[PDB]
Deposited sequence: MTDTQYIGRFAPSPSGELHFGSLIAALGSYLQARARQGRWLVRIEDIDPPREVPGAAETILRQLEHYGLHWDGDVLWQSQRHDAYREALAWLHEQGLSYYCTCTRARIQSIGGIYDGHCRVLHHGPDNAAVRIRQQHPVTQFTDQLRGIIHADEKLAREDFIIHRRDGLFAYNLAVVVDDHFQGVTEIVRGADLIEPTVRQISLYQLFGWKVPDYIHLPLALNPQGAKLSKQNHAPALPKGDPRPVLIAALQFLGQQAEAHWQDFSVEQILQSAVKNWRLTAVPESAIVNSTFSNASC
C-alpha cells in the first residue's frame, strides 16, 4: 500500500563508470516505473579509500545523465551516531560480542570465523564487534533472478559489524540506512549478490521488515570475462550514446538514432518502456567501456 522507495548508494572511491551507471539507471528506472521514490545515498563511510571531490563528481554526473533524485542526499559520514546507536542496541539485546582475534588467526583456520569470542565476554578494547547469528539466512528471493542459494559457510559466519580499526562495516551501515530511509526494494549490481543473505539475517535480528531485492546483469568485458575484476570514467561529453548503451545492457528498447532526442526524453521513454523481465543475468559491454 505504501509507496515504493528505491535508491542508488555509490561509494565515492572513484567517479561513475559504466557498471555504476548501470546500477544508478536500473534502480532509477525500476523506481520510476513503480511510481515510487528514488533516493541517493553517498556511502562515504571509509575516509582513507575515499577520493576528495569524487562524491560531488558522482552527483554532478547523475544530473548530467538526467537522473534526478528525490529529497536530500544522505551522507554516511553524517550517520555515525546512527550506526553507534544500532550497535548499542544489538549489544544490550545480547546480539553481538567483542572479538580480539587477529587476522592471522582467522586465516589459519580457513578464513571464516569460528565463533571463538562468542561467549568469552571480552570488552570493546582493541576489539571488533561481531554479530551473534542465531538462524543464518542461506537463500533469498531476487525479484528478477528468482531464488538464490548463497555460499553456506560465508552465510553462517558471525560476521563483522564494527572493525577493529574503528570503521563501521558496510553490512551494518547499509541495513541501518536503508531501513532509516524506508527503502522497500534494493536494485543493485550483480557484485553485491553474495552479501545479501547476511544483510537479510541482520534485518531479522533487528526485527525489521526485509526489503525486496533485484540484482542487475553481471557485466562482462568483450572477451567474456568479469568486467568488475579490475575502469574508464563515464565520458564528460554527450551522455546520450552512453545512456543508449546502458539501456541495451539492461535488455531495454534503445533508440539507435538518439541524435533527435534529449537525455530527458530518452529517460522518459525508458521509464514508460521499462520491462524488468527483459533484464538479463549477464551482458557484454562494448570496448569503449573496458
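- No alpha-carbon coordinates exist for the deposited sequence positions 1-2, 233-234, 295-298, given here in order along the chain.
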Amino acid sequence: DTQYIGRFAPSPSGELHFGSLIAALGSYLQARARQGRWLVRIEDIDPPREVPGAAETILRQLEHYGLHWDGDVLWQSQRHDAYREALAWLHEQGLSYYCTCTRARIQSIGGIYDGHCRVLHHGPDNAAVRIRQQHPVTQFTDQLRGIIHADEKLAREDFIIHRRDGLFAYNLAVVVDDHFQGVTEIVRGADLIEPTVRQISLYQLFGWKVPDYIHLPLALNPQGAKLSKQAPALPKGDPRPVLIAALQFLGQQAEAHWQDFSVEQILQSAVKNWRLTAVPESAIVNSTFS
From here on, numbers count along this sequence of modelled residues.
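- According to the PDB record, 113-121 carries the higher mean C-alpha B-factor of the two stretches 113-121 and 176-184.
- Relative to its counterpart among 264-272 and 6-14, 264-272 has the higher mean temperature factor, C-alpha atoms as listed in the PDB entry.
- Considering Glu63, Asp46, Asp70, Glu56 together, the PDB entry gives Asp46 the largest C-alpha B factor.
- When the C-alpha B-factors of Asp81, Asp212, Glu157, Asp165 are read from the PDB record, the largest value belongs to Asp165.
- Ranked against the other modelled residues of its chain, the C-alpha B-factor of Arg37 as given in the entry falls in the middle third.
- When the modelled residues of the chain are ordered by C-alpha B-factor, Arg105 sits in the highest third.
- In the PDB entry, a CA B factor belonging to the middle third of its chain's modelled residues is recorded for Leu247.
- In the deposited entry, the Cα temperature factor of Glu85 places it in the middle third of its chain's modelled residues.
- Annotation for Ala127: C-alpha temperature factor in the highest third relative to the rest of the modelled chain, per the entry.
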